[PDB]
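Participant: got an experimental structure here, sequence first:
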Amino acid sequence: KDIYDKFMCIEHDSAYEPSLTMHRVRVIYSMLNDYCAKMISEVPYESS
Amino acid sequence: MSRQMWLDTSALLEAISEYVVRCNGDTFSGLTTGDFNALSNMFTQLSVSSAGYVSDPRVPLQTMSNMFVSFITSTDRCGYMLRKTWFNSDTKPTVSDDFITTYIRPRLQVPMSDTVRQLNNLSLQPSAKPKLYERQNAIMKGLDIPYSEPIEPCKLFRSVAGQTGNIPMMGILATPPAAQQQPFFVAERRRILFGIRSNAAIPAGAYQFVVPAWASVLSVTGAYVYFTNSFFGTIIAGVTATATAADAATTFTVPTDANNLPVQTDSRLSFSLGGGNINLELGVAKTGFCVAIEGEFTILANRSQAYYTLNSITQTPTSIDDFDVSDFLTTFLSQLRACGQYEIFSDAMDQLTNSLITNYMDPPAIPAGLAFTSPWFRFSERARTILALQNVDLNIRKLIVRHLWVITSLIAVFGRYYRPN
Amino acid sequence: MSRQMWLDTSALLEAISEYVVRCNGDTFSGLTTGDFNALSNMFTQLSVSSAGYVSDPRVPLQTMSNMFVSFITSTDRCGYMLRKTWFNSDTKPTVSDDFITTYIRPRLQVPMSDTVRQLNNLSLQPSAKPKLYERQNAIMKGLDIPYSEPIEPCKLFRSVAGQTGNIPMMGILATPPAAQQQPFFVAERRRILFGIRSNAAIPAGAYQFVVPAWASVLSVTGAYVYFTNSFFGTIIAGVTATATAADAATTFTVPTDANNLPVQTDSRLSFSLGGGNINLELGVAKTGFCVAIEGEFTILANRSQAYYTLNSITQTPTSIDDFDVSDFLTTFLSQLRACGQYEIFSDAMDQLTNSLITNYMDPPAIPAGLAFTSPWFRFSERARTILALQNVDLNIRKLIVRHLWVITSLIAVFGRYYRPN
Amino acid sequence: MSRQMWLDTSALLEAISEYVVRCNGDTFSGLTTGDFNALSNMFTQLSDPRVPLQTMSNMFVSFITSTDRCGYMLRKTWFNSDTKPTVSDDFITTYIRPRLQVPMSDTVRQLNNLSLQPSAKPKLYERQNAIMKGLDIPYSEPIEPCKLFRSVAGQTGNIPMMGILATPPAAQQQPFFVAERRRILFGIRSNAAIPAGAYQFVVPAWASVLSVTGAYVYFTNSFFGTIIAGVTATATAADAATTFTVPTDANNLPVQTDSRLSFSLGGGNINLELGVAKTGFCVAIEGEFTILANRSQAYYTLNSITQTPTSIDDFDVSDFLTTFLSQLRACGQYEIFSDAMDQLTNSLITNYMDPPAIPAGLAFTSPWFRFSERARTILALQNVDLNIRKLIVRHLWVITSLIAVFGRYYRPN
Amino acid sequence: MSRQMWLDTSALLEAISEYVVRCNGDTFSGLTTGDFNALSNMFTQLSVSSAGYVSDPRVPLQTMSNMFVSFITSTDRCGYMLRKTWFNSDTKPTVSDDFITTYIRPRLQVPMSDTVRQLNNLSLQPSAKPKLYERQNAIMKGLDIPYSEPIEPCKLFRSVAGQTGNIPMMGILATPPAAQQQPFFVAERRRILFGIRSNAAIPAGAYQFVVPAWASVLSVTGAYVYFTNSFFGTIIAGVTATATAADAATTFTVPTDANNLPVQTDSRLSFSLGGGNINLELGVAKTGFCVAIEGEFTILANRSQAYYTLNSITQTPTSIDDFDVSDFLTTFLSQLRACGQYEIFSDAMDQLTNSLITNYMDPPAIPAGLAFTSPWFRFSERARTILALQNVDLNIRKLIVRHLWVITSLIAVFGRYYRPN
Amino acid sequence: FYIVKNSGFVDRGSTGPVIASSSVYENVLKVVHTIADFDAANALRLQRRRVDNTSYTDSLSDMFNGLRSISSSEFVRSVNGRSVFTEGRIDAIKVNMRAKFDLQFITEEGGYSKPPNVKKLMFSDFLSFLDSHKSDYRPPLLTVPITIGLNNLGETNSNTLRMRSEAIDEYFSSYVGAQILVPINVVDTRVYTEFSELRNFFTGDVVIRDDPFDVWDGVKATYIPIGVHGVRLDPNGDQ
Amino acid sequence: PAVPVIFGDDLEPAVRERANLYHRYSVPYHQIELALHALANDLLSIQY
């Protein structure tokens, strides 16, 4: 239900607010930091 | 909705087309062309019911066409358009149908748009090959076509008591003659020509040619008028093209110009075939002759209504052109073949055509002996057929044709971007 | 650099032209025209050096032509453009030259430009006389041409097994016939011609015609089909155009349409010659007949590739047009003669066209029998020659013609503003 | 209800079948195969599992039996549009409804036309679509040329043309184009030698949509296992090459070579050139035959039909009815149905011609399951406009197939 | 990269296709069939990952093909896979091209996959018409093919010392005989033929037939062996198909079975043409005879290499099939024609073929005499021609053919979804 | 989204996963009026006219009344345990506006004691919406709720007669009543019946270095000049 | 099966990243879900 809201903004229609897409481009870059830069490094495992 | 609403939208789609052409290869980065903005603004207005700004047209344009094809395919939906009322009045109907509500709606600015249309008939160099809009208005509301707009006389041709056809006469004009036959008035693409053919010389004198109803609305500028023996590149027999530097000048007169008009001269002439009859004074006797008028032809002011309303049509059967729809269909057809729907589409138009015709005659039933020789897009031939029904009074046949034309035109405009896949 | 980089800039210069034409005599005192706005901005995009309002657009436009001629002449510089790969791949070459740096680079907005372009092929009324840019793309990248752009059949022509040429086949069509000959297929500017000539009457019935490889690309709309005896104005003997109101109907059918198409009738038709053959049915025997299709000719969808790729060519030697380059050179030539370089240029070109062919044949040397019968700008002829070399196989020949063409055009565009002084 | 609404269910039944044949003998004890699991869920999505399938066939026969019930499916309108109809018959209410997933389902269908190895023998569904909505058939699917055959100007039929090919020639006759199950034949029989040069052949209508891959083109003298007279399949290592060309291909296609060829008859004409004169020659193309892209419409629309009467296959229906019939004969209901169908067929023809009356000269030579024939019959009425005949065929077909699909589990008790 | 990487990916694509056909019309509303799930997951692995969610499978597939064509057509990019070493090694090349980093990469599971493969060769009912994958493995790595997989003998045919053709022999087997001729061994689609034809009789007794190289790996089950007089439907002249109700039993014997094999019996035979020569004992004299072995033909376990390694090739020139590539190209060709590139592509292929040929002969130059008589997609022929080059060592030609095939196959797989517009 | 007099979906006795819903399926709707866009919907809401002596109505409402109302009961209709829908199709108004649908799942245990509380959106609410946005200069977003009842009768198992059939239907009526809705087709779900495939959907790769990279940050690498030295001044390009 | 991080540098074998320094885990997450985090490898590359 919360699929990346800062970028979706269901409340606004990108077709009447070209401004949104601009805002998105902005978000994208900040997402590099919030998601892309966080590297999965620990998958837990056991011997069986 | 309104017949007007469809025309308006069509006009817009046509504008979009026009500007797509204007923008082709003129879209440079770092530069926002005034043309590109207009093209863009139009896109917006197309999908005005779902957007206030548009990125790339590739999609909404497609969608619109697809839906449109899905519309004029089902009689159930587009039925309201096949009724006698839709072609007559501007009564805003109520139709619950996604396509109609979403795309068909007022587009032109009133009244400013009309003002410009009028100011145009007066323009110096109107479009040589005009848009469908103009034609649509002529054929439907019977409005005027620009005074300086050139036209090919042969299209204007219709059937008259004397000679039944125009092209058919080519065969007879080639066969040497027996007696001094009736005068012939036939026409080509870039020139109109008349004369009298005989096996025995014609007494150099005064001869009167009645100008046929169809041509009595023509006018020429920059015309050379000479004597000739061909017609569409086909040799005419019973005609002399021979003449001597000593021959007595030959001239003709028109009820408009009080002055004599020279023949076989290098002078560019200007005259009008409206008003009545052409008086030709043959200066030297000739064994059959053919006068040719080659120049720029335009329809006279306020007489286009004759051509486009089918008032040129006096008797049945008659041969008639198609107002050039066929030259526009091309694209939509090529798109139908691209996805094998060309088959189903035809069967649908047939149903449409029939369903349309039906609504015109009381009681509601396909007339007797209605047999189509050609497919929905060979209009010319199909109109001939509609116009040849002896059990339906003329005025109605014309309407059937005029109405069917508009719809055909519309299809040629709205379907172009069809791609279901 | 990239072949694409050259095209893009050509399109720009070719666009600058367009707008210069638009602004002529529309440059008023207090007005600001979207056209002049576009133009003045485009004047800017030329020179990498500076971006100030151009008070005299003549200057930079000149400097550019001059720089170009000085580049296109020296094989040490423009050599890279004559490699096999330059006409093939979009791989930015490692070349450093003052011209290429200052004037060549990508300029078309992407992806928009392509979008517009395709949307265009579907447009209703495309330019009747296309910029070079369009051909450049079809000839080089094999792109589609507008679905409803007109074209003159005869250009489209190429040599076939049956008859060697088109224009030459005229003289033979003039000579009365020995006896019932084999079918002919010739093409004029505005019409296609086919039929069978004979001195003796040939029976009434069905007759099959194989449409040629070059003409199976055609499609017509708004057409009048009839019996004539003229080819380019010349009289065809061994054919009759006679007929009478009693004669039985003479219909012909095409594979693409399941309906009979009438001949010698006033109805306007539309049909596709891409079906592979015409089936004619003479209603009454004729002492030699010739059918004519006069209408609007268009190249079927996704088939223009045959014409622009030189794939319609099957014989050798062959008749080949020039894709209209001749019509664009006019300006450049008249500008060369102006400063007395028409001479010195022809010599640098011969070195170019030669050095070009060289790189096309492994191992690297001029072919034997390279007899150039005409100068660099009569392309139509020089092409026939390249395509007549028995040494090199067909493909490499064709490739050279295309590659040559592109260079030729590239000149026709960039040279124009040339004035050495 | 909707025509789509029926097709959708038809597809679901053909799916029940497919997975049933998949699960045969692959049903083990401590193992639940993915196929069985699907099959199971399909059974549920429809209504021991034999009882229900039965109830369904029953109620179907019961329905398609009475003209009062299924009347609407017989109207010219049901086949023409996707307009939901007003009808309350507790059969349609219980079994016919949308079952395919949109838009996905369609997307797949197209991705399929580009698939490398499509089904060699497709489901009725694919045919129904082509015939009804005019959809495309996979580009790589193969067909037997002789089915693609319709009557043309030059010759009446295909098979009948055999007895004429068996009779020695009188004099150099007219070109002939005929087709077998796995090959195409074309040439010119004659009792007198024929010079060597260039010979124009015009590819018939029906055959102009074919395309062959992996084909051997050689000179023969047989047709459907019968001797062709007035033709010589003779030659020598010295004879000059006998090539041929098509518009679609710029190069020469050799004959009598061990080389595998792939060309297309969409150009409209074959240009053949003999290197040595022959006392009658017959060229054969034997390979894999597929129908060119976007031209499969011709075949399934009956738009490839020009003359009257004409030759017409059954779009393979006969092959699917086998099951149903065999289940009819085991009930005695074979006759009853045979008749009820004779009415179903009349009524449908009726609703296609105004005014509403069984047209002049309608005697059926064969029963309802010999479609290939009854089709010939309907395509034979010249007193009724052409196009309307075609439609009645197409339309009649769809109902037939639907029967072939829904009756199978019929066991009236 | 690795030749292996390309196969693993090709396999995946072939799998996607398989599951598409599996899901056609089996995609119902309330359920996720296993097949669909698998198809879904395969789509997921095709793209990168950074290709996000798959809302419409048509797009990623479409995108992939587009990138593939712009790759496979540019020598500069796909060059690496044209050098000798790419075919004969699993060396990860140091090449940077975003098509490969995106799509080509090890996809198959090891060693489990390899194992499942081996197990299949021992499987009861293999796929009758197998995937390009299998062929790819055979032609390139020379792996084994399923023991029960059937094949049409006539494909296997290659030129031998005696008869140099399977099809050509037809025109001769139909010409009556001059005297007792040499034995002949030919093959059809579903049967093998051998015998001796004479104008005179042939005594009863033992006759030896040397089973040809190409056929010495054939095996048949469910076979009927009889006397016949047709070959591909063409009648065979100089042979008798006559027999008396009480004739002397005619039997033959192969080196793999100690028991005699009957002729003209309703018994279904099983034997293999491997091991030596067929010793045939003719019961009653006949004026020319022809034996037919008609049944299910399979390639003898573990000897498929002969066929696919192109080892069964003894003489030059030679007959050779295409391993069926033509049957797979169909779609890609249709897609090419449908967007106008069939030509631009056909050019780029000659370029690819030529460069490949090149890297196989030291020193690096297109061998003289090389001239193709067919287009890239008619492999069967081009192979013949490659194999006919007298200049190059036989074993190198053999390699070239094999190599070209793999590339060609790869095309047939990856290009299918091409749509540039 | 669609506007309709009354609706719901009960499929009692089914073994499928869906047995009830606040909405219906697309094919059950009969579109008799189509409101093109927010503007138009808003415009109709504002065309008030006098009906009689003391009452007025408005083109939008006026249009809503033109719809046939199908008795709540008729939706939960059942025959011998299986839900059936003898009624026709639901007359409805199609409004082409962008809208968000709030999905909600409810599990039907089988114990028909406490009726679930399903969120239903009435025509009245839609008007209340159009009036709070009458002036907006760009279309507002309507959040349309849609509940789906999941079949979880498995936890309920006995053959004893407890209540009357009529009671069960009455229970399920809790799902009907909605006037503004979005088709069930809108809800995109994947439904697995064999655990196996549920897993095959949920599987992915992550390749990870066993030991974390050691990233050096404060490395100080600066040039240092060597002592005094013989300096050669490169000579200029000569001739 | 192969190193996930693609460093374009030319290094001494001794220190060159190699396959056996990594292990690949199959987790109950759809690729779509892990997607973004996979970019870290690309970022880790051009930066260090």
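Facilitator: On my side now, so go ahead. Numbers count the residues shown, from 1 in each chain, chains lettered A, B, ... in the order given.
Participant: residue contacts, the residue lying farthest from the centre of chain G?
Facilitator: Taking Cα atoms, centre = their mean, the residue of chain G most remote from its mean C-alpha position is residue G:28, at 19.7 Å. Residue G:28 is in contact with F:199, F:202, F:203, counting by Cβ atoms under 8 Å, 6 or more residues apart in numbering or on different chains. Backbone N, C-alpha and C define where each C-beta goes, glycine included.
Participant: how far away is it from chain C?
Facilitator: To chain C, residue G:28 is 39 Å away according to Cβ to the nearest Cβ, to the nearest Å.
Participant: any idea how far chain D is from that residue?
Facilitator: Distance from residue G:28 to chain D, by Cβ to the nearest Cβ: 20 Å.
Participant: roughly how far apart are the residue positioned nearest the centre of chain A and residue D:179?
Facilitator: Centroid check for chain A by Cα atoms, centre = their mean gives residue A:4 as the closest residue, at 4.9 Å. Plainly put, residue A:4 is 60 Å away from residue D:179 if you go by Cβ to Cβ, to the nearest Å.
Participant: could you do residue B:150 as well?
Facilitator: For residue B:150 relative to residue D:179 (Cβ to Cβ), the value is 54 Å.
Participant: neighbour count winner among the two?
Facilitator: More crowded of residue B:150 and residue D:179, by other Cβ atoms under 10 Å in any protein chain shown: residue D:179, with 25 against 17.
Participant: apart from its chain neighbours, what residue comes closest to that one?
Facilitator: residue D:145 (3.6 Å; Cβ to Cβ, 6 or more residues apart in numbering or on different chains).
Participant: which residues touch that neighbour?
Facilitator: D:179, D:180, D:181, D:183, D:184, D:207, D:210, D:289.
Participant: ok, 7 Å please
Facilitator: Contacts for residue D:145 (Cβ atoms under 7 Å, 6 or more residues apart in numbering or on different chains) come out as D:179, D:180, D:184, D:207, D:210, D:289.
Participant: can I get those in a markdown table with distance to residue F:130 and secondary structure?
Facilitator: Below are these laid out as a markdown table (distance: Cβ to Cβ, whole Å; DSSP: H, G, I helix; E, B strand; the rest coil):
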| residue | distance to residue F:130 | secondary structure |
| --- | --- | --- |
| D:179 | 67 | strand |
| D:180 | 70 | coil |
| D:184 | 68 | strand |
| D:207 | 63 | helix |
| D:210 | 61 | strand |
| D:289 | 62 | strand |
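Participant: closest one to chain E out of those residues, please.
Facilitator: Nearest to chain E among these: residue D:180, at 8.8 Å, using Cβ to the nearest Cβ.
Participant: that closest one against residue D:147, yeah?
Facilitator: No: with contact defined as Cβ atoms under 7 Å, residue D:180 does not count as touching residue D:147 (10.8 Å).
Participant: can you tell me how far the nearest residue to residue F:111 once chain neighbours are set aside is from residue F:108?
Facilitator: Of all residues not flanking residue F:111 in the chain, residue F:156 sits nearest, at 6.1 Å (Cβ to Cβ, 6+ apart). Using Cβ to Cβ, residue F:156 is found at 9 Å from residue F:108.
Participant: which one of those two is surrounded by more residues?
Facilitator: Remark: of residue F:156 and residue F:108, residue F:108 carries more neighbours, 18 against 11, as counted by other Cβ under 10 Å.
Participant: next up, phi/psi of that one, please.
Facilitator: Per-residue torsions, residue F:108: phi -90, psi 110 (degrees, to the nearest 10).
Participant: now do the contacts for it.
Facilitator: F:19, F:20, F:149, F:150, F:151, F:152, F:153.
Participant: so where's the longest helix in chain A?
Facilitator: Criterion DSSP state H: the longest helix present in chain A is helix A:18-31.
Participant: that one vs chain G: in contact?
Facilitator: No: Helix A:18-31 does not reach chain G (Cβ under 7 Å from any Cβ of the partner chain); its nearest approach is 7.6 Å.
Participant: tell me how far that helix lies from the chain's centre.
Facilitator: Computed by Cα atoms, centre = their mean, to the nearest Å, the chain-centroid distance of helix A:18-31 equals 10 Å.
Participant: who are the packing partners of that helix?
Facilitator: When contacts are defined as 3 or more Cβ pairs under 7 Å, 6 or more residues apart in numbering or on different chains; DSSP states H and E, helix A:18-31 packs onto helix A:5-8.
Participant: in terms of secondary structure, what does the helix it packs on contact?
Facilitator: The contact analysis (3+ Cβ pairs under 7 Å, 6+ apart) places helix A:5-8 against helix A:18-31.
Participant: for the helix it packs on, output the C-alpha coordinates as CSV.
Facilitator: Provided in CSV are the C-alpha atoms of helix A:18-31 (Å, rounded to 0.1, in the frame of the first residue of the first chain):
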residue,chain,number,x,y,z
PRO,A,18,4.0,19.3,-15.3
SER,A,19,5.8,20.5,-12.1
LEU,A,20,5.5,17.1,-10.6
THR,A,21,7.7,15.3,-13.1
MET,A,22,10.3,18.0,-12.4
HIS,A,23,9.9,17.2,-8.7
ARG,A,24,10.3,13.5,-9.4
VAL,A,25,13.6,14.0,-11.2
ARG,A,26,14.6,15.7,-8.0
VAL,A,27,13.5,12.8,-5.9
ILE,A,28,15.2,10.3,-8.1
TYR,A,29,18.6,11.7,-7.1
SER,A,30,17.8,11.6,-3.4
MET,A,31,16.7,8.0,-3.9
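Participant: buried ones in that helix?
Facilitator: By neighbour count with 16 or more other Cβ atoms under 10 Å in any protein chain shown, helix A:18-31 contains the buried residues A:20, A:31.
Participant: quick one: contacts of that helix?
Facilitator: For helix A:18-31, the external contacting residues (Cβ under 7 Å, 6+ apart) are A:6, A:7, A:9, A:12, A:14, B:53.
Participant: residues in contact with stretch F:121-135?
Facilitator: Stretch F:121-135 is contacted from outside by F:3, F:41, F:42, F:45, F:64, F:140, F:142, F:144, F:145, F:178, F:179, F:180, using Cβ under 7 Å, 6+ apart.
Participant: how about 10 Å then?
Facilitator: Under the criterion Cβ atoms under 10 Å, 6 or more residues apart in numbering or on different chains, residues F:1, F:3-5, F:22, F:38, F:41-46, F:58, F:60-61, F:64-65, F:67, F:93, F:95, F:102, F:136, F:139-146, F:177-182 lie in contact with stretch F:121-135.
Participant: pretty sure the residue nearest to residue F:111 sits against residue F:109.
Facilitator: Yes: here residue F:156 reaches residue F:109: they are 6.1 Å apart, a contact under Cβ atoms under 10 Å.
Participant: what's residue A:43 in contact with, if anything?
Facilitator: Residue A:43 makes contact with F:206, F:208, G:23, G:24, G:25, G:26, G:27, according to Cβ under 10 Å, 6+ apart.
Participant: look up how far residue F:140 lies from the closest residue to the fifth one other than its chain neighbours.
Facilitator: The shortest distance from residue G:25 to any non-neighbouring residue, by Cβ to Cβ, 6+ apart, is to residue A:43 (4.1 Å). Here the distance between residue A:43 and residue F:140 works out to 45 Å (Cβ to Cβ).
Participant: flag every residue of chain F that's near chain G.
Facilitator: Neighbours of chain G within chain F, by Cβ under 10 Å from any Cβ of the partner chain: F:198-199, F:201-211, F:213, F:215-216.
Participant: out of these, who's nearest chain B?
Facilitator: Out of the residues of chain F next to chain G, the member with the shortest distance to chain B (by Cβ to the nearest Cβ) is residue F:201, at 28.1 Å.
Participant: so what's the residue count around that closest one?
Facilitator: Neighbours of residue F:201 (other Cβ under 10 Å): 15.
Participant: give me phi/psi at it?
Facilitator: phi -80, psi -50.
Participant: surely it and residue G:33 touch.
Facilitator: No: taking Cβ under 10 Å as the definition, residue F:201 is not a contact partner of residue G:33, at 11.3 Å.
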